[PDB]
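In what follows, a structure is listed as structure tokens, so that the remarks can point back to it.
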Amino acid sequence: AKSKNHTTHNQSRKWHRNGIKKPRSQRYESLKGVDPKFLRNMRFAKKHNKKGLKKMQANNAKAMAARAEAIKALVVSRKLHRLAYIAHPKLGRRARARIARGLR
Amino acid sequence: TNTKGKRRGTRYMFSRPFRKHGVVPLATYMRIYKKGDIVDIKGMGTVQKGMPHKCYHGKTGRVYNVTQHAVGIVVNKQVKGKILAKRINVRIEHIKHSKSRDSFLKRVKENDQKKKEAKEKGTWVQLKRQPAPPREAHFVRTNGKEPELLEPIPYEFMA
Amino acid sequence: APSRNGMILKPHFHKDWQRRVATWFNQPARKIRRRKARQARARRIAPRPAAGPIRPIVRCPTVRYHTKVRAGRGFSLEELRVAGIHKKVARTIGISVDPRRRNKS
Amino acid sequence: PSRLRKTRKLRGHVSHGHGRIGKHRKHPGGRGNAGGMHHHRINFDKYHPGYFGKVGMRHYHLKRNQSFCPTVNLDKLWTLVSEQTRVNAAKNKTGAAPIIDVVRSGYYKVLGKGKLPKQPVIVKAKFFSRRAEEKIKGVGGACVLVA
Amino acid sequence: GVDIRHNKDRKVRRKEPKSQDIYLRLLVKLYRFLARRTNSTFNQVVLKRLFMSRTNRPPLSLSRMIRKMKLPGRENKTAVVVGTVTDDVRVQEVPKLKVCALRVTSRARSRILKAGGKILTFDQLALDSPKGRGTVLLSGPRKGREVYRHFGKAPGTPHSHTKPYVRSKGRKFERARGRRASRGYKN
RNA sequence: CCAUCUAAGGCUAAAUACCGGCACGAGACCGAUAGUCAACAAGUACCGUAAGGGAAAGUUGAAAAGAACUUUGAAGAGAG
RNA sequence: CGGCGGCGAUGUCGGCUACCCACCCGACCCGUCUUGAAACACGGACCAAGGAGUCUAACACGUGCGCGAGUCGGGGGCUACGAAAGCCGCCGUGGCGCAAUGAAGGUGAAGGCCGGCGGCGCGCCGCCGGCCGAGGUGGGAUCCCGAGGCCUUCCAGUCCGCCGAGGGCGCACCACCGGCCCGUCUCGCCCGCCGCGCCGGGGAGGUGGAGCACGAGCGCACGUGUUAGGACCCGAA
RNA sequence: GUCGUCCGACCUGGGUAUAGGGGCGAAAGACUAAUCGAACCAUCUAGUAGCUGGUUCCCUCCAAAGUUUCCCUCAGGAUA
RNA sequence: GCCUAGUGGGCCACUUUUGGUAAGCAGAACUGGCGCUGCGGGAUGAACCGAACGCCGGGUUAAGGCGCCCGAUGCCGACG
RNA sequence: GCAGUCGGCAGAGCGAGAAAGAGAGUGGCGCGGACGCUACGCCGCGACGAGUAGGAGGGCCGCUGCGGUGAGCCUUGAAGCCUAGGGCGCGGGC
RNA sequence: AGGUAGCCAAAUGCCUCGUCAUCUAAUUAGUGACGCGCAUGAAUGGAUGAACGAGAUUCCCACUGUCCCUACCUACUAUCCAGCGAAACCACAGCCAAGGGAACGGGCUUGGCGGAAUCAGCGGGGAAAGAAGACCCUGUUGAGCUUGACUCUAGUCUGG
RNA sequence: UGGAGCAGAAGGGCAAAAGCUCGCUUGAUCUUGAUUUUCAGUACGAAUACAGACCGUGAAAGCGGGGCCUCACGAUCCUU
RNA sequence: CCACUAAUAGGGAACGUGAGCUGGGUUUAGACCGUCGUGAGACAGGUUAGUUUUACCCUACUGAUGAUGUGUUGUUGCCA
Ligand SMILES: [Mg+2]
Ligand SMILES: [Mg+2]
Ligand SMILES: [Mg+2]
Ligand SMILES: [Mg+2]
Ligand SMILES: [Mg+2]
Ligand SMILES: [Mg+2]
Ligand SMILES: [Mg+2]
Ligand SMILES: [Mg+2]
Ligand SMILES: [Mg+2]
Ligand SMILES: [Mg+2]
Ligand SMILES: [Mg+2]
Ligand SMILES: [Mg+2]
Ligand SMILES: [Mg+2]
Ligand SMILES: [Mg+2]
Ligand SMILES: [Mg+2]
Ligand SMILES: [Mg+2]
Ligand SMILES: [Mg+2]
Ligand SMILES: [Mg+2]
Ligand SMILES: [Mg+2]
Ligand SMILES: [Mg+2]
Ligand SMILES: [Mg+2]
Ligand SMILES: [Mg+2]
Ligand SMILES: [Mg+2]
Ligand SMILES: [Mg+2]
Ligand SMILES: [Mg+2]
Ligand SMILES: [Mg+2]
Ligand SMILES: [Mg+2]
Ligand SMILES: [Mg+2]
Ligand SMILES: [Mg+2]
Ligand SMILES: [Mg+2]
Ligand SMILES: [Mg+2]
Ligand SMILES: [Mg+2]
Ligand SMILES: [Mg+2]
Ligand SMILES: [Mg+2]
Ligand SMILES: [Mg+2]
Ligand SMILES: [Mg+2]
Ligand SMILES: [Mg+2]
Ligand SMILES: [Mg+2]
Ligand SMILES: [Mg+2]
Ligand SMILES: [Mg+2]
Ligand SMILES: [Mg+2]
Ligand SMILES: [Mg+2]
Ligand SMILES: [Mg+2]
Ligand SMILES: [Mg+2]
Ligand SMILES: [Mg+2]
Ligand SMILES: [Mg+2]
Ligand SMILES: [Mg+2]
Ligand SMILES: [Mg+2]
Ligand SMILES: [Mg+2]
Ligand SMILES: [Mg+2]
Ligand SMILES: [Mg+2]
Ligand SMILES: [Mg+2]
Ligand SMILES: [Mg+2]
Ligand SMILES: [Mg+2]
Ligand SMILES: [Mg+2]
Ligand SMILES: [Mg+2]
Ligand SMILES: [Mg+2]
Ligand SMILES: [Mg+2]
Ligand SMILES: [Mg+2]
Ligand SMILES: [Mg+2]
Ligand SMILES: [Mg+2]
Ligand SMILES: [Mg+2]
Ligand SMILES: [Mg+2]
Ligand SMILES: [Mg+2]
Ligand SMILES: [Mg+2]
Ligand SMILES: [Mg+2]
Ligand SMILES: [Mg+2]
Ligand SMILES: [Mg+2]
Ligand SMILES: [Mg+2]
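Chains as they are written, first to last, in this note's numbering: chain A, 4 to 107; chain B, 6 to 164; chain C, 559 to 663; chain D, 4 to 150; chain E, -3 to 183.
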């Protein structure tokens, strides 16, 4: 009783019924497999980013003034265009009313 | 059935090109691979260490980890009906920088360079690249000469 | 055969359990009969209390329960001796007696 | 209710929801947990890792009342006493701190999980966690061992 | 003959509550009218949340509701949940809360009402704010049930922190072969 | 060291069990191919040397008022 | 249609269907196993009656109800239908839940700021006090504020409602980063006392865990699925 | 019908003895109540079956697989 | 995201293709079919061509056809 | 989409290409008006409809028995059964 | 140990219808020999051999319907009638040729064609009936028997 | 230009080498995790980049945690 | 192979034809020999003994009555 050994016959149909989805790339991907020395130092950097917090607020409030002051320191046819202006509901309102104000 | 060997059927794939054997040229080793950089995988057979498997040869991926002599790359690999994002470790000899993204970088530099100027001049530039349009109506000058008359050749049995 | 994610179960039904199945359809009948036996006892011992003799205060052993006190089997012979009650007249005037129980405190 | 069962809608269909090719046979695969190491090994390893094998010491006559130690965290520590116990202790000025015996309420050990409200307390337990006692000292208070 | 697939034509979203509760159905009858005849999307989210099962309406504890109304900019404003407001006993101080809910547990009612707060029901919420202005819609943890610890990657695959189904837990219950390096392998 | 009993002799109700038996009561049960094998001359008739096996079979009508008398036929069976 | 016609009481009108018959076209006998049945595959002469996914237990998930950090009297007890229902709380014993981890001994779930003092050589490496205090980033249903504006002769001029550039707080949830707990490993300096010990406690960095990180469970009912039971029904040698 | 034997290891009635992994056998695995390469009866027992057969109302909506890997696996399961 | 039935005997054809003298043979790749599916056409027909189906009226087509069976040339059809 | 059946307590609008108010104040005779709406209902648009194994939904389809209900039916005739009668429903069936 | 005495194409010889003789018109048969004996052989008994045999073969005489080559007669049937009166079997049924088709049709396609109800015969067909193929294979189904199979055990030997 | 050798089958790879000859050695050591390969995206085996030790070697850059790569191997229970 | 003869051609029809026969040979159970096997047993190796069932159904076939029509009947006929 021999039988069929191997095929990949209906498989490309079955893979495409629910689709061959690309894997879900979202930002901030995981850090598994990165170099442990680099990751240990990165965790030390993240552990001490709060240390220079005063320099951040000092330079942030200083950069706010030096740019917020710097912003205000120196500061197709005569038929079809005209009909598109008259038949515009908000632009051609008084000019549309002028037709009746002549038509009386 | 076949064998599940790691280099099965890689006789021409991992072989060196003709008259390209021997010493690896040393600017292969001098290229800077950052995190997130897009590179192409191509297994050099001179170096037997760090060799990618044959299913990664000719695939393009994103570098997620850098070590002394090798990088980790996220590679799309289709496994029947699902595509997995591979975390592979492969040496510097078996990779090369992909040029597919550095023309998009050329396009974004000439697109922000065409947004930031001509805005003060008021005109409108184009940034989305249109496909190859139908050919414009043009005149064809036959100055003097009449178009040469072609006939099919008689069949002669060549050999 | 097992299906996907589920518990591994070991039902103890490999014996002939259906001969020895004890249904409880006589539960309210047992309750009603126990009740009538209780009132028959209470009517028989007419001024003596219905639950029975007085039971002593015992500390439960075995650390889960050793903060809790409960009713023991009987007052011990040294408790009756210090109370000045004969250990044979105690059960006649309604005192439970436990000869087996020591005191340690 | 037999009338809401699937077997009422299966009246008139030949194979009763079990297929014409592979039928409803008796026990195709063995009974119970048969073949858990042989032919159901993939299921047993994929969903029940650690089912086979023998780990750790035996203890022949285990009395579960011996290792009885119900624990309480410090966030539920004031739930053992009434509310007037907390608010009278809050309003008084003599420093008269109430006692919480957790053995009285039914616990043997105090672990310290939550934050503890800022007022003194005397806590009696059979055992204490280190973080529990240091939080009671930090809020101001005492840990009293009882047996 | 048209080449279209009909596998996902029928949406598998609830049109009505499966509950035959007449009080919930009168609430749904109110908020069908509100979610249809108003421009407010709050009323739509309220009506679709009134549809859901009990598991998709997990209870909201007092402390979670305290901290979600504690955020800056959410003062004098009504907490709305379409589930249960339950008591949380690890809470020492309860500030003034204006709450609308389907059910409030009895001790949570005592704590909120002794705190000087108001408990509304949804028919009162509709008469107070017909479009849900001045509302903070909240939910309980929808993964808070213990089924989700069993849900995920199969335990027995690498880096799979999924709780297995055990009859009991102990040293001889699912701890040996696939879980120690000494007993064959570790995942 | 400590703890706990005092073996190799004996009796003892109650709570507990009860598909046999005596007498009952009940039922979201079954309704004569069902329900016990057995609604009835049922562990009967019948079978096997034996151990054993083992049925079928309820219903006129309210009341037998169960058709006197006449006639054909030897009668069964008819017609009145 | 604000257009008309004809036929009518014992021989005619209508009745798609319903009984029989006629004709044209179509049309092989069902069930089953099978790649393939009208098969020279098997079962079926005909009719009536009977005749096959049930019940119990466990688990999983979903859904409904009640109560909810609890929940549950199922066992016991008190007071015709009713062997029911009601009650008990100093009957919650107990189960499951609120805590995990380790083989076990066992242990067991945030911290920062300020005042005082190259001891060392916690400027670094503990304790006295006070204060603030349960993380962050991105997305995120809802919701909040509002530069302006939604005409009826025209300027104001107020209130209400609506819309809105833009900016916010951000539910649940997801992804990532930190943080905390138990096992284990590596490094390293201290802190404690009734007994200063082969004592006890702490830190930094990884790593194993079915964890924590402001609960979600319990009981009941329904439905499916997997089992143990005669186990959908009939069948061995 | 034709045949073997028909004074002897002959034929035959009744009584008696041996009983089921046992008897008895001038031996064919023959006979042991039409049953024998292990009788018959009842029970365990509704023994188990990856194997055949069957599996009972209507309408509506959706709609496959015979492929991967592992298995004393190849007429079967687990897994995707 | 959960739960999950059925399936895990396949077969046929263009093109590629291995063994075999070859096979309505055995074995693969790609895609489409048949199985699971009626309909028009190939006289007939699992798979070929056209085309996929709620119950109907009008119209029109595809692939096939148009002496008669048998709808359609019963055209004063073209050139051999 | 429809709770807007908003009626001498009246004024009968909201299909219209273009974000929003048929807003309100103050200075400069005859007694009338279809239907609807078991909101688990009713109405309107558009696209679609093959199906084995299998899954799900709706059954004013059917049987038996129980709990409620129909001031139900029934010896002036119940169940059952027969019928070239009348019909209904896509059908189960009535 | 290397098969001795004997015997043989035997009931034992593949090649093989062995070679020679004899038997016949003609003999793969029979008998007598021959022995290189696939693979004869001595109480796993060898060789012989009267008498006996419902034992297996070959030839001859005699006799005959065994046959050439069939025919006729008799009894009981069959047949018909009176009385009596079953069973097997049965999807529906029943005329063919070719086609296609699960590769041998009663039905389908295309043709040939087709006429009530019946009797005696008949054995071509119904892949006729009879009995879930006994041959073959599969089953993680058995049973009878054997032993150098695995694991035991009655008995028995031996020691304490 | 490798037409030699690199332990072997074959293929790939290799020339101041990966071959041959010396010198010194024991990275063929201890310990976490991640990954590839077969894959169900499970184990084993094999492999790959890291990291933490402690070493070898070289003037040093470096290189080494077995063999130039593709093969050379083994769960639970038990024993040691 | 003998003999005759004009010649002593080859085939098919489920390798036509067993409810037509026969049963010599294959191919059950009895038994002998050779070879093989420790053995039970095996042998496209010899040898001997070994139950051949049913038609009355439908068709086909062969005969036998008849059947529709000419009004009924009979005689004589014709030949598709
Ligand atoms: Mg197969
Ligand atoms: Mg299954
Ligand atoms: Mg009592
Ligand atoms: Mg179906
Ligand atoms: Mg079936
Ligand atoms: Mg099913
Ligand atoms: Mg199956
Ligand atoms: Mg089953
Ligand atoms: Mg195995
Ligand atoms: Mg369509
Ligand atoms: Mg469909
Ligand atoms: Mg779908
Ligand atoms: Mg004594
Ligand atoms: Mg005694
Ligand atoms: Mg009867
Ligand atoms: Mg009856
Ligand atoms: Mg009976
Ligand atoms: Mg009768
Ligand atoms: Mg026709
Ligand atoms: Mg079948
Ligand atoms: Mg077949
Ligand atoms: Mg069929
Ligand atoms: Mg055929
Ligand atoms: Mg069959
Ligand atoms: Mg039959
Ligand atoms: Mg019936
Ligand atoms: Mg639930
Ligand atoms: Mg009663
Ligand atoms: Mg399940
Ligand atoms: Mg059964
Ligand atoms: Mg079952
Ligand atoms: Mg049986
Ligand atoms: Mg004898
Ligand atoms: Mg024999
Ligand atoms: Mg099988
Ligand atoms: Mg089969
Ligand atoms: Mg199968
Ligand atoms: Mg083939
Ligand atoms: Mg084949
Ligand atoms: Mg099939
Ligand atoms: Mg399809
Ligand atoms: Mg089709
Ligand atoms: Mg043709
Ligand atoms: Mg084509
Ligand atoms: Mg038409
Ligand atoms: Mg035609
Ligand atoms: Mg359909
Ligand atoms: Mg000799
Ligand atoms: Mg002769
Ligand atoms: Mg001779
Ligand atoms: Mg011999
Ligand atoms: Mg011999
Ligand atoms: Mg007669
Ligand atoms: Mg036939
Ligand atoms: Mg016909
Ligand atoms: Mg015949
Ligand atoms: Mg068979
Ligand atoms: Mg058989
Ligand atoms: Mg098998
Ligand atoms: Mg056996
Ligand atoms: Mg290292
Ligand atoms: Mg080397
Ligand atoms: Mg084992
Ligand atoms: Mg023949
Ligand atoms: Mg024949
Ligand atoms: Mg015969
Ligand atoms: Mg013979
Ligand atoms: Mg024989
Ligand atoms: Mg006859």
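We put the CB at the ideal spot given by N, CA and C, even for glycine.
Can you tell me whether residue i is buried or exposed, with buried defined as 16 or more other CB within 10 angstroms of its CB?
i	result
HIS99 of chain B	buried
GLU170 of chain E	buried
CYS96 of chain E	buried
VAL29 of chain B	exposed
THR6 of chain B	exposed
Out of the options, which one is the CA nearest neighbour of residue i?
i	options	result
residue 153 of chain D	D:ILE45, D:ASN46, D:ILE125	Because chain D spans 4 through 150 in this model, residue 153 of chain D falls outside it and cannot be assessed.
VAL132 of chain E	E:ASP84, E:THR82, E:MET65	E:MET65
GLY77 of chain B	B:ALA90, B:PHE109, B:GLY63, B:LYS120	B:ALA90
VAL71 of chain B	A:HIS51, A:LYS40, A:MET67	A:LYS40
Which residues mark the beginning and the end of the beta strand (DSSP E) in which residue i is found?
i	result
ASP119 of chain E	Segment 118 to 124 is the alpha helix (DSSP H) holding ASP119 of chain E; no beta strand (DSSP E) there.
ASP45 of chain B	43 to 46
Mind checking which residues open and close the alpha helix (DSSP H) that includes residue i?
i	result
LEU83 of chain A	83 to 89
What residues from chain C crowd round residue i, counting only those whose CB sits closer than 9 Å?
i	result
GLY143 of chain D	Neighbours of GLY143 of chain D on chain C: none; closest Cβ ~28 Å, over 9 Å.
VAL113 of chain D	Near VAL113 of chain D there are no residues of chain C at all, since even the closest Cβ is about 16 Å away, more than 9 Å.
Which chain A residues are close to residue i, counting only those with a beta carbon under 8 Å from its beta carbon?
i	result
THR72 of chain B	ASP38
For residue i, which residues in chain D fall below 9 Å Cβ to Cβ?
i	result
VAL(-2) of chain E	Result: empty, since nearest Cβ-Cβ is about 30 Å, beyond 9 Å.
Using a Cβ-Cβ cut-off of less than 8 Å, give me the residues of the region 150 to 164 of chain E that come near chain D, in sequence order. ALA150, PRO151, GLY152, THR153, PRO160, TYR161
With 8 Å as the C-beta to C-beta threshold (strictly closer), list the residues of the region 130 to 150 of chain E near chain C in chain order. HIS146, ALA150
By the 7 Å beta-carbon criterion, what residues does the region 600 to 629 of chain C contribute toward chain D? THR620, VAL621, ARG622, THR625
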